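Residue numbers (the numbering used here), protein chains in the order written: chain H, 191 to 414; chain R, 191 to 414; chain L, 427 to 630; chain D, 427 to 630; chain E, 19 to 416; chain F, 19 to 416.
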Amino acid sequence: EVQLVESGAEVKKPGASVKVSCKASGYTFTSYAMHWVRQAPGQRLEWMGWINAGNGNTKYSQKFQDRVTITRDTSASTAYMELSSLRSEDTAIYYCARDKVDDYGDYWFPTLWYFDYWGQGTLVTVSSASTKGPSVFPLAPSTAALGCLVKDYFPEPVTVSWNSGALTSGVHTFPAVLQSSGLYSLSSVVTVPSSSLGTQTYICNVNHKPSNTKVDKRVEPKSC
Amino acid sequence: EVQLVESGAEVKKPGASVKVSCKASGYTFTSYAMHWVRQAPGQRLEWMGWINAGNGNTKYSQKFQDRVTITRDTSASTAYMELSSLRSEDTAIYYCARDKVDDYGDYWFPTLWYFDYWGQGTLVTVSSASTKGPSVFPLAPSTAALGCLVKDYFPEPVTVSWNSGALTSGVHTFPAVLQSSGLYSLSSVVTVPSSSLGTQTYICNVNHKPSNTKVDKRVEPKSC
Amino acid sequence: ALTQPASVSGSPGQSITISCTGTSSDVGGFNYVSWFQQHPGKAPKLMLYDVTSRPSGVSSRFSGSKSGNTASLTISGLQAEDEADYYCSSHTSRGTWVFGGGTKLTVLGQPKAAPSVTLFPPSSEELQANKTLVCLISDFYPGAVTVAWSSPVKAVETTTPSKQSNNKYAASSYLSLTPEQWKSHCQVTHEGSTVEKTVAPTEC
Amino acid sequence: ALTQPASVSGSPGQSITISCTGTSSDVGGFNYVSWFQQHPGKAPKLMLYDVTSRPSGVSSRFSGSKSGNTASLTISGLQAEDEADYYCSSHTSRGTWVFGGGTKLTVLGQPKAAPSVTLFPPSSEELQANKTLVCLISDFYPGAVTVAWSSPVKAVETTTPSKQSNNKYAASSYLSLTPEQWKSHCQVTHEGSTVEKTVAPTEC
Amino acid sequence: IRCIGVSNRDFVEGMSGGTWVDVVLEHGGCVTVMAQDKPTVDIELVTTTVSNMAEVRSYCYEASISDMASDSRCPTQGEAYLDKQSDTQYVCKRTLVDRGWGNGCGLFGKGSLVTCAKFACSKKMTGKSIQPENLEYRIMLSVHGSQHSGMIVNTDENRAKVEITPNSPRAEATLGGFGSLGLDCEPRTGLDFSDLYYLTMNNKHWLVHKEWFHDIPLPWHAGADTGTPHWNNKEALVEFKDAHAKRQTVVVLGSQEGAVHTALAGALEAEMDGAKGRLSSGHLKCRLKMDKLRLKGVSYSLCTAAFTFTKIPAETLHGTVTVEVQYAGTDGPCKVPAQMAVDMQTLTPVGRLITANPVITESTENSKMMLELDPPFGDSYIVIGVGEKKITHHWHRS
Amino acid sequence: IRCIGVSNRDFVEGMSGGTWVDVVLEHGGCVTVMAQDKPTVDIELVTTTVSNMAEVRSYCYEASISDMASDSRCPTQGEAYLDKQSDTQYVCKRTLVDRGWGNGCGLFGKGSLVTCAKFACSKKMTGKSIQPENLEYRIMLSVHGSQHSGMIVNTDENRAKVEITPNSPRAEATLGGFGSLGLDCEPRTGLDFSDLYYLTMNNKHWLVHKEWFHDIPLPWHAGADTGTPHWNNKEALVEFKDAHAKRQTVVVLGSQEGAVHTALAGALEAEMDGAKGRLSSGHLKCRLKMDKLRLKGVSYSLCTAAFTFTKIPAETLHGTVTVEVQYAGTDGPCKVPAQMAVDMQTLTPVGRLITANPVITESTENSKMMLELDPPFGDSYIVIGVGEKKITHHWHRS
């Protein structure tokens, strides 16, 4: 049974360097070239490069030509990917994927069935921000939907309730987005009847515990 | 008028590096090779090396072959001596001294009148100790001479009086010695009449102000 | 670098086709065309290699073809297990590898539903602080929409559609400005139809 | 590396000779024999170069000679300005320079006086601490003595003779030990005569 | 099928019912062996490895000089001597220089001078010895078992690897359902390593003659000299020049890397994988016994469903044709009806097949296969299948 | 006195009352010029300097390769192309490789392949041009003015420095009390720099011919090419080799430093002081006018005190003798009585003096001087002084 097991997730700062590993088992490691392909969250796959496990020759993508180094340990049957001068754009899941070397030991043309087995992937998050509390701000209805914006927090996750848990129907908290700032932001919306605007009170209880902050913010319809 | 002016005195720690300079005036600097000769306090002169100011060639003593670097700046007409990996034995006055280069610009054989002019010399003190107060201890007579030992202080100098300045005749304070420890020690002696042993009291007032210490130590004849 | 549709959907049992257009240097030049399926949270799985050949253990419901610079993956007899993202890939004349943009395949478990979009301006409390305009898309299916922000705009953050509690999909887009920036003066398109909402700081 | 006497003295008007013995590689091999005078606090001054030649401005009272491996500096008509340290020097066959040990020249301004030496053991207050034996030399002239510490010893600190207030010279030598080191169990030589003093921790 | 697509492809036909076939395997070549009632097998010598090489000698081709020193004596004072004359790491020379009163001598005339300098190597090359007993040849076997190009594998019966050494020149590879094939080779044949060394310099490798290697005029240290080397014949890269009876200076000759590269123009190249040397030149004569070779699917019944070209049949450089088809039936495993004909009515066989016994093996539907045909010169029709659903493709050779 | 002790010493005797004397100054040589009623003067060409050299060309003799890249196309798909073919820093080559279904091509056959690699120079040499107008010769003059060896100086009248250039080939040096000497030289004489370049490589320097330099087969960049160089003829150090219609690889030739050093065996050497080039080879023909040369101490009265040998008289390599004496008198300045005689009774002069007008100049006591004598063949007595206190030393030549 062919398996590729990769190292744990990493969090690092811009300008740092990461080395992720990829240990191969179930097949003869020296007969295969190991490729590195990455994927930003919600984005496509992007081929980074490959290493011939048998003789150490590499091939990198011209866009990564300077910052990446691919290496190998034969005794451990492990390939290594090292990315330097990190930027916020390198936040992604990094997979390794094999392809067979020829019977002469050279990796010139791939097999038509290249990338037949893939590792499980490693999440690496590149950001400069330090643990910080979110800032919490309201929203307005003008059947009608109202909500809460939770902005610039670190690290994930954020938990939000409404009216201390009494209002649960129609609630949707959105997944966070990573802006250029390097800090996350999400929002939680509730859809409520139009008859009950001036009658029911809506309190948003956000608590970002990694940042050790608890904020309650009341939402008022008032007027444009 | 030929003059060689050298940089100020230096104090550095063992394992450090010193660069002393030697600026020549009154003669054409490029026509002369500059030698470095040193002298430990109370010891002989020891030739260290030379630099051809015209073309940059050097010659070092085989005992200094690795630790010394001699260089030059022609625009400033200044020779430089750099000694690395300092030890306590390098504490000395370092002189520069010239000798003429031939009319072809090579410095192969010296002139018979080599070292005709010398710089004034630079004191460099290599030690690891930090500013510390002296320890003060007495002495015994058994016409009779008594004294005070002032041991392990840093930095020089130490001032000693006897009986707050009332006893000044026959007093001699000796120059300090630098032991292997890296700290100084001296002693002050007084010669006093044999009739007055049990009658006159002798107090040694040492005050090492750089170390901010004042010690008074009484000397008693008592008995062997 | 390789362009394939963002999302394709079909009813169970039907056939669908995913196109993958390249150039004469990758897809139109060589047979090194492969198709990979990725389920959420899992590594990609090789589905098609050498535009027609299938690795053992993949259902013959998946087939491949190629014409000129466009390769195609056809899936017949759709099953709910087939819902995943599909990536074509090709070896290039320069010895590199290129991947397509990815296609969300949805096997329809519910009628198509237009999104409800609501666009909300910045609240006054954020306005006492230095700095956002928030666009909320809800209750659309399949979950593949495009967002556009009185003239075209850029540089903006948009979320990828996520499952609601009622199994519809939802997404959010934020436009980050400064207060003066705001004082100078969203439409989502889904399954070929575009719905638009407007705001105005000087309108009330 | 070059051996010359530690000190030479003479009365004003007399002549004196300083010897400088080398090897066949420095002094016996070449005429690169020079003699330098150094006054306290000042740089060396070239007195003789090319064993006989004198630089302009040096009194013809200074003369040089060489026989085999031994060079010689003769100073006739001694003046009190001549009191200084004198160093011979030679260029070597290996292209290096070597200096002699230095000779203290004293022009006698006072009769020769034997040193008074006093040797003092460690006091009890130092003994309550972990760690010295102190040798004091006073009232000798000229100021050039050698110190020796019931058998020969080494590794010890000795001072160079310094001027007293009565214009005699004085020096001190310290022997640094540990208390047990002390419990296991100085002579100064001046102008050919040696005076000795003894101590004993077990004698009283 | 590993010979399909190779330009340097040789076809060898064995006797029908024959026992052995003689073959010559060359690096860069590939042989397709066929015999009646026997499966068609591709054979290739893929690697020649030399292992366990012993270091014979190292030559310094780029040197540097440090720590220059001199000893001088006056005329009639004898010869100069430097302590560095007793250090084997220094090179020294004596000469005479003008001396007199001006430079510290009591006499005028020629004085002895010796100058020494410390030799150190910057860049060196290494010659290792080769023992004929240690080379090992690796041979790849690929049967024409109707597997399709792009045969990814999830011990593959279509492929075999065989290793032959001088002390074990005979082997037998098992090929599953095809039985087993025997190889009796002649590794003694080839270039004689009695006078051949393995030369390494700047990560490039050659095979050179022993006498030429022993006669190159460079400094050298012995194979067993480890750590800090002791360089013999340092004068090959160090020379002393005198100037005007005043000085002598020592210069080092420049890198001779270009010179040796030039002398190595007519020499065999090599590479290295780890501590093993890899050769990309040579040949190997073998006799393969096929008495145990069998046709796996000779007993199948014929396929009854329809075939479909998944790729356009393609001509190889030798005029042979490749056909890849997809099968939509479920009666697999079965024989694929495949033939060539000029007359679609008689279906009289013309030409011949290269892959004996083409077969579909999977019982699952829509499975692919690949076969290879040797058509006659001129026009013909590739016919696959039987009856109404048979497919045809008109092909013309030359 | 600068010629005493030089083995390559030439003696030139001018006419008594003559106006000019012709001389040939060579590097490493020294000429002692004498004339009746004139002081004896040593003359030497000490340095030849070429200044303001312009860079003509740089040749790469050690190169490296980086950033290997390839572009490939299938058969019938045309020729491959790489973007690096448009970068002048890359070297590229096209060839054909075996392609087929196995490596992603719909057809079998030769497919086009291009391979490129980035060229960079590791070590280069520089040829600079020489303009005949810029060389400058420096001549040292040292009068035989009875100054003693070891003449340390506290504008020395015994020494003069003269510089002559092609545009100013004539000079006059002032020698204080001896007057002044004129030099009219012929710098045009010598080797023609019309086809001579100054070659620098690895801090070693030569003078080479222009045509040879233009024809050396190495990569080269233009003299005015600054910063990042653009290398012409990179193929002189880069070559492409193919293997088995599978790959092509690019190799760089090794350093040609040894080859050029070998081609430079029969070539003139040079050195450099800063941005100035120094030559240790060549000659210079001069005519010196001495009408203004005078004897400084011809008017002194004779010394009356006693002399003392401070060193043993020493024979130079030409049979001349050096005598250094000390004077204990105070009537200086005065003429030193110095002569050679075979008969201590007649004191009839034999031989001759080389240093005309030997004199003690200081009025202070115990001052030293040095003179040089040309004794007759055989036995003679060196006699210094007059009367009872005269000193003698018996000297024998050959």
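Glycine included, C-beta positions come from ideal geometry on N, C-alpha and C.
Whole-number beta carbon distance between residue j and residue i, since they are thought to touch under 8 Å
i                      : j                      : result
residue 343 of chain F : residue 325 of chain F : 4 Å
residue 504 of chain L : residue 436 of chain L : 5 Å
residue 84 of chain F  : residue 136 of chain F : 5 Å
DSSP bridge partner residues for residue i (one or two, in chain order)
i                      : result
residue 386 of chain E : E:344
residue 407 of chain R : R:394
residue 266 of chain F : F:260
residue 239 of chain F : F:76
residue 160 of chain F : F:60 and F:177
residue 561 of chain L : L:545 and L:599
residue 146 of chain E : E:73 and E:216
residue 40 of chain F  : F:305
Chain-ordered chain R contacts of residue i [CB-CB under 8 Å]
i                      : result
residue 291 of chain F : 244, 245 and 295
Under 7 Å from the C-beta of residue i: neighbouring residues of chain E
i                      : result
residue 274 of chain F : 276
Within chain R, partners of residue i - CB distance below 9 Å
i                      : result
residue 590 of chain D : 362
Closer than 8 Å at the beta carbon, the chain E residues around residue i
i                      : result
residue 519 of chain D : 89, 90, 91 and 98
residue 298 of chain R : 264 and 265
Beta-carbon neighbours of residue i, restricted to chain D and to distances below 7 Å
i                      : result
residue 330 of chain R : 546 and 549
residue 328 of chain F : 478
residue 388 of chain R : Under the 7 Å cutoff, chain D gives no residues; its nearest Cβ is about 18 Å from residue 388 of chain R.
Closer than 9 Å at the beta carbon, the chain L residues around residue i
i                      : result
residue 213 of chain H : By Cβ distance, chain L contributes nothing, its closest Cβ being about 15 Å from residue 213 of chain H, past 9 Å.
residue 414 of chain H : 547, 629 and 630
7 Å Cβ cut-off: residues of chain F touching residue i
i                      : result
residue 443 of chain D : Those within 7 Å of residue 443 of chain D in chain F number zero; the least Cβ separation is about 17 Å.
residue 302 of chain H : 122
Any non-hydrogen atom of the ligand FAD closer than 7 Å to residue i Cβ
i                     : result
residue 50 of chain F : For the structure depicted, the ligand FAD is absent and the ligand set is empty, with no information on it obtainable.
Interface residues of chain L facing residue i [CB-CB closer than 7 Å]
i                     : result
residue 95 of chain F : 455
Partner residues on chain R for residue i, Cβ-Cβ distance less than 7 Å
i                      : result
residue 523 of chain D : 237
Closer than 9 Å at the beta carbon, the chain F residues around residue i
i                    : result
residue 1 of chain E : This structure cannot settle anything about residue 1 of chain E, because the visible part of chain E is limited to 19 through 416.
Worksheet item: Between the stretch 312-324 of chain H and the stretch 270-279 of chain H, are three or more C-beta pairs nearer than 8 Å?
Response: Contact holds: three or more Cβ-Cβ distances are below 8 Å.
Practice prompt. Would you list, in chain order, the members of the stretch 63-89 of chain E that have their beta-carbon closer than 9 Å to a beta-carbon of chain D?
Written response: Taking a C-beta cut-off of 9 Å against chain D, the contacting residues of the stretch 63-89 of chain E are 87, 88 and 89, listed in chain order.
Worksheet entry | Inter-stretch contact (C-beta, 8 Å, three-pair minimum) for the stretch 454-469 of chain L and the stretch 137-154 of chain E | Using a Cβ-Cβ distance cut-off of 8 Å, the stretch 454-469 of chain L and the stretch 137-154 of chain E are not in contact, since fewer than three pairs of beta carbons, one from each stretch, lie closer than that value.
Practice prompt. With 8 Å as the C-beta to C-beta threshold (strictly closer), list the residues of the stretch 457-468 of chain L near chain F in chain order.
Written response: Listed by position along the chain: 457 and 458.
Worksheet item: Which residues, in order along the stretch 108-132 of chain F, keep a beta-carbon less than 9 Å from a beta-carbon of chain L?
Response: For the stretch 108-132 of chain F, which is checked against every Cβ of chain L, the residues closer than 9 Å are 119, 121, 122, 123 and 124.
Item to complete: Could you tell me whether the stretch 272-290 of chain E touches the stretch 270-277 of chain F, where touching means 3 or more Cβ pairs closer than 8 Å?
Response: Yes: the two stretches touch, three or more of their Cβ pairs being nearer than 8 Å.
Worksheet item: Are there three or more Cβ pairs, one per stretch, closer than 8 Å when the stretch 290-307 of chain H is compared with the stretch 366-385 of chain H?
Response: As far as the Cβ criterion goes, the stretch 290-307 of chain H does not touch the stretch 366-385 of chain H, which means the pair count is below three.
Item to complete: Pull out every residue of the stretch 165-177 of chain E whose Cβ sits closer than 7 Å to any Cβ of chain H, in chain order.
Response: Per Cβ criterion, the list reads 168 and 170.
Worksheet item: Between the stretch 585-605 of chain D and the stretch 554-569 of chain D, do at least 3 Cβ pairs fall closer than 8 Å?
Response: Counting C-beta pairs closer than 8 Å gives three or more between the stretch 585-605 of chain D and the stretch 554-569 of chain D, which meets the contact rule.
Discussion item. Check whether the stretch 305-320 of chain F and the stretch 373-393 of chain F are in contact - that is, three or more C-beta pairs closer than 8 Å.
Written reply: As far as the Cβ criterion goes, the stretch 305-320 of chain F touches the stretch 373-393 of chain F, which means the pair count is three or higher.
Worksheet item: Okay, do the stretch 302-310 of chain E and the stretch 294-311 of chain H touch, 3+ Cβ pairs below 8 Å being the bar?
Response: Short answer: they don't touch.
Discussion item. Pairs of beta-carbons, one from the stretch 247-259 of chain E and one from the stretch 107-122 of chain E, closer than 8 Å: are there three or more?
Written reply: Three or more beta-carbon pairs drawn from the stretch 247-259 of chain E and the stretch 107-122 of chain E are found closer than 8 Å, and the two stretches are therefore classed as touching.
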